[PDB]
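A.B. asks: Pasting a structure here, questions to come.
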Amino acid sequence: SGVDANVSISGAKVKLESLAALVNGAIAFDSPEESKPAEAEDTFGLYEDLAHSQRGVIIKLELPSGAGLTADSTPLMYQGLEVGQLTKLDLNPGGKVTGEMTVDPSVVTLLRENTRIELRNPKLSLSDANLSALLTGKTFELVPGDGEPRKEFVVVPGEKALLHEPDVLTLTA
Amino acid sequence: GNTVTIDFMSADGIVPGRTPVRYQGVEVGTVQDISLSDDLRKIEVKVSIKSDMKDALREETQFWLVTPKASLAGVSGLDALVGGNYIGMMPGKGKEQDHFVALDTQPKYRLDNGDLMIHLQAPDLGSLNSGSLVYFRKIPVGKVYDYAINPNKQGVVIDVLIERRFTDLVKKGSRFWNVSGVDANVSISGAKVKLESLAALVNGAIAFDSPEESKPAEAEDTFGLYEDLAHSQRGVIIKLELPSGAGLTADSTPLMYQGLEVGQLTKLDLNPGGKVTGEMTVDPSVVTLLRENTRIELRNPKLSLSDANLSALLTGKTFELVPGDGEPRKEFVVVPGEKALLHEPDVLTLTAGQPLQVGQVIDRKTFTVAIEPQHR
């Protein structure tokens, strides 16, 4: 329901909904193949948008600071592709910042112990001046590990990525 | 005169006196009475019928109440406003029945004449309301008849009508694509916004193209709907194994050759194990060049000192075609632009992108380098 603009970098297009959907509002719904049929005034939850209705797994993140992070625009990268999307970004008492993220199921098997997640930063490449990276701002990164599945993670700064590794030679900017 | 009892959930603007029963408008009779039984919304309407139609009156004979419809989606009050609320019927080839249930609305009817009926498969309906229009070169040649859901919940089956005088236009190879809704078409260094016609937006529409050589389709032959004219393009498909789709986009990344766009990446997916694979469409005019030892490399928008090319920077990454010679092939492995010199039919490989220019460094660790075949 309602209509907005969808502005994208280096070109844009604006198509959201049908005329009746805007004059009157509307709902849409999807049905999993395997579930059982609901009945008898069974309650359900409405999601404000198709994006928020996406069926992905939830991950809790303890963050250093959400300086450039945005609650529904910051993506998760892997092999150059978006797989996940930050969903919630909140301040806890004591100054700690915590968020929660959605991930596509196709990658969830990679989420295991010694799987680290690092905030990358858009770098000023001398060779390939990548404008889109600069415009996007901060972005996370996935780097799979091996071990038991886990769902709570601590995000590491991109600088300290080498430090938080299974194997690394630490000596005593 | 006859008697027929019809069950109505509701009977809004009906009077026993003048509610003439019509069959495509010809009066079949009039309602005799309207009443109810045990106050349970079983509105029994007794109807008189001319004996000529009495024979065809059978089990499958359907009935419904027409009504003026000035709602948001409805204009079907053309006759009910003038002639009053009549009721419509359709004869059936049942056995016989006298007690009936009125259908809630007017059902869809099939003209007996020689037209064409065909089926479109679509994962979603789009903005195609019943009555949306079918075009050949923006000439209407038929309309949407009905839509429904296949037994599996993973698709939609539309069935559509084509007039007699155009039944030759529909071929087996003919492609259908949706034309509906309106967007903005923003381009760099200037933009223009023209998509579709007013009716195409109010109602939605389909367009279709017919290859010259194919055979005419017939008899409810299924077809595939393409969401847009672009996705309906007739080009050859190529599978690509990629290093990483950092800047790649599924329907914006083009293929270059001699400075011109020839192809367009279509699909971009992550395979298990971290491998990335995509698929691309190419114009037929270049497909003959796709052979063995034909390499495809991802180029990058370079910061040219001389010709500061803004459009290249804005576009981001782009592929490149460099023809080879050999057997035709359809699977390719994309090479990084840095390693383009390495993956060549002839190259002098010795044991990080520094020049030598007569050659370039390939990698460090030990130094691996390459020299061009002409300078070999």
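Numbering starts fresh at 1 for the residues of each chain in the structure tokens, the chains themselves are lettered A, B, ... in the order given, and ligands are numbered from 1 as they appear.
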At a cut-off of 8 Å, using only C-alpha atoms, what residues contact residue B:3? Leave out same-chain residues fewer than 5 positions from it and give the result as a PyMOL selection string.
C.D. replies: chain B and resi 32+46-49+98
A.B. asks: Please report as a count of residues only which residues of chain B come no farther than 8 Å from chain A, using only C-alpha atoms.
C.D. replies: 30
A.B. asks: DSSP says strand (DSSP E) for which residues of stretch 155-213 of chain B? Put them as a PyMOL selection string?
C.D. replies: chain B and resi 156-162+175-179+205-209
A.B. asks: Convert the current residue selection to file output with N, CA and C atoms, as a PDB file, in the first residue's frame.
C.D. replies:
```pdb
ATOM      1  N   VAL B 156       0.996 -19.287 -11.769  1.00  0.00           N
ATOM      2  CA  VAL B 156      -0.290 -18.745 -12.173  1.00  0.00           C
ATOM      3  C   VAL B 156      -0.492 -19.076 -13.639  1.00  0.00           C
ATOM      4  N   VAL B 157      -1.708 -19.485 -13.986  1.00  0.00           N
ATOM      5  CA  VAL B 157      -2.072 -19.809 -15.356  1.00  0.00           C
ATOM      6  C   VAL B 157      -3.138 -18.824 -15.799  1.00  0.00           C
ATOM      7  N   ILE B 158      -2.809 -18.021 -16.790  1.00  0.00           N
ATOM      8  CA  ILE B 158      -3.759 -17.129 -17.433  1.00  0.00           C
ATOM      9  C   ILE B 158      -4.215 -17.809 -18.711  1.00  0.00           C
ATOM     10  N   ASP B 159      -5.481 -17.627 -19.069  1.00  0.00           N
ATOM     11  CA  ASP B 159      -5.992 -18.086 -20.351  1.00  0.00           C
ATOM     12  C   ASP B 159      -6.603 -16.891 -21.062  1.00  0.00           C
ATOM     13  N   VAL B 160      -6.202 -16.701 -22.314  1.00  0.00           N
ATOM     14  CA  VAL B 160      -6.469 -15.476 -23.044  1.00  0.00           C
ATOM     15  C   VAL B 160      -7.043 -15.796 -24.408  1.00  0.00           C
ATOM     16  N   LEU B 161      -7.681 -14.778 -24.972  1.00  0.00           N
ATOM     17  CA  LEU B 161      -8.473 -14.859 -26.182  1.00  0.00           C
ATOM     18  C   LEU B 161      -7.794 -14.068 -27.286  1.00  0.00           C
ATOM     19  N   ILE B 162      -7.873 -14.589 -28.503  1.00  0.00           N
ATOM     20  CA  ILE B 162      -7.356 -13.924 -29.687  1.00  0.00           C
ATOM     21  C   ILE B 162      -8.409 -14.006 -30.775  1.00  0.00           C
ATOM     22  N   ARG B 175       6.737 -14.891 -28.728  1.00  0.00           N
ATOM     23  CA  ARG B 175       7.053 -14.525 -27.358  1.00  0.00           C
ATOM     24  C   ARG B 175       6.087 -13.465 -26.857  1.00  0.00           C
ATOM     25  N   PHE B 176       5.607 -13.663 -25.636  1.00  0.00           N
ATOM     26  CA  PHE B 176       4.713 -12.739 -24.962  1.00  0.00           C
ATOM     27  C   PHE B 176       5.465 -12.048 -23.838  1.00  0.00           C
ATOM     28  N   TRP B 177       5.223 -10.753 -23.672  1.00  0.00           N
ATOM     29  CA  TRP B 177       5.793 -10.030 -22.551  1.00  0.00           C
ATOM     30  C   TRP B 177       4.793  -9.026 -22.008  1.00  0.00           C
ATOM     31  N   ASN B 178       4.882  -8.815 -20.703  1.00  0.00           N
ATOM     32  CA  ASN B 178       3.994  -7.907 -20.003  1.00  0.00           C
ATOM     33  C   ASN B 178       4.386  -6.470 -20.297  1.00  0.00           C
ATOM     34  N   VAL B 179       3.382  -5.619 -20.470  1.00  0.00           N
ATOM     35  CA  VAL B 179       3.557  -4.182 -20.587  1.00  0.00           C
ATOM     36  C   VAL B 179       2.487  -3.573 -19.692  1.00  0.00           C
ATOM     37  N   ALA B 205      -1.437  -4.570 -19.623  1.00  0.00           N
ATOM     38  CA  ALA B 205      -1.491  -5.036 -20.996  1.00  0.00           C
ATOM     39  C   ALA B 205      -0.404  -6.063 -21.247  1.00  0.00           C
ATOM     40  N   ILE B 206      -0.570  -6.767 -22.352  1.00  0.00           N
ATOM     41  CA  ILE B 206       0.412  -7.709 -22.854  1.00  0.00           C
ATOM     42  C   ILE B 206       0.733  -7.310 -24.281  1.00  0.00           C
ATOM     43  N   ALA B 207       1.950  -7.616 -24.702  1.00  0.00           N
ATOM     44  CA  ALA B 207       2.353  -7.476 -26.086  1.00  0.00           C
ATOM     45  C   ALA B 207       2.993  -8.783 -26.505  1.00  0.00           C
ATOM     46  N   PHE B 208       2.968  -9.053 -27.805  1.00  0.00           N
ATOM     47  CA  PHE B 208       3.606 -10.275 -28.262  1.00  0.00           C
ATOM     48  C   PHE B 208       4.199 -10.091 -29.646  1.00  0.00           C
ATOM     49  N   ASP B 209       5.257 -10.852 -29.897  1.00  0.00           N
ATOM     50  CA  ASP B 209       5.960 -10.870 -31.166  1.00  0.00           C
ATOM     51  C   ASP B 209       5.922 -12.276 -31.739  1.00  0.00           C
TER      52      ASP B 209
END
```
A.B. asks: List as a ChimeraX atom specification the protein and nucleic acid residues near stretch 76-92 of chain B, meaning an atom at most 7 Å away when only C-alpha atoms are counted, but skip any in the same chain fewer than 4 places from it.
C.D. replies: /B:13-14,19-23,56-69
A.B. asks: At a cut-off of 6 Å, using only C-alpha atoms, what residues contact residue A:101? Leave out same-chain residues fewer than 3 positions from it and give the result as a PDB file with N, CA, C and O atoms, in the first residue's frame.
C.D. replies:
```pdb
ATOM      1  N   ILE A  58      18.028 -15.226  11.786  1.00  0.00           N
ATOM      2  CA  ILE A  58      18.363 -14.065  12.599  1.00  0.00           C
ATOM      3  C   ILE A  58      19.688 -14.307  13.301  1.00  0.00           C
ATOM      4  O   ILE A  58      19.976 -15.423  13.750  1.00  0.00           O
ATOM      5  N   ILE A  59      20.490 -13.251  13.400  1.00  0.00           N
ATOM      6  CA  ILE A  59      21.798 -13.303  14.034  1.00  0.00           C
ATOM      7  C   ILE A  59      21.954 -12.084  14.924  1.00  0.00           C
ATOM      8  O   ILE A  59      21.697 -10.958  14.488  1.00  0.00           O
ATOM      9  N   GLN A  85      21.257  -8.652   5.442  1.00  0.00           N
ATOM     10  CA  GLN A  85      20.861  -7.264   5.607  1.00  0.00           C
ATOM     11  C   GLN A  85      20.670  -7.027   7.091  1.00  0.00           C
ATOM     12  O   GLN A  85      19.903  -7.744   7.739  1.00  0.00           O
ATOM     13  N   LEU A  86      21.385  -6.049   7.629  1.00  0.00           N
ATOM     14  CA  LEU A  86      21.126  -5.633   8.994  1.00  0.00           C
ATOM     15  C   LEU A  86      19.674  -5.209   9.117  1.00  0.00           C
ATOM     16  O   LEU A  86      19.119  -4.581   8.214  1.00  0.00           O
ATOM     17  N   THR A  87      19.049  -5.585  10.229  1.00  0.00           N
ATOM     18  CA  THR A  87      17.640  -5.313  10.466  1.00  0.00           C
ATOM     19  C   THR A  87      17.408  -4.371  11.633  1.00  0.00           C
ATOM     20  O   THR A  87      16.670  -3.391  11.495  1.00  0.00           O
TER      21      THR A  87
END
```
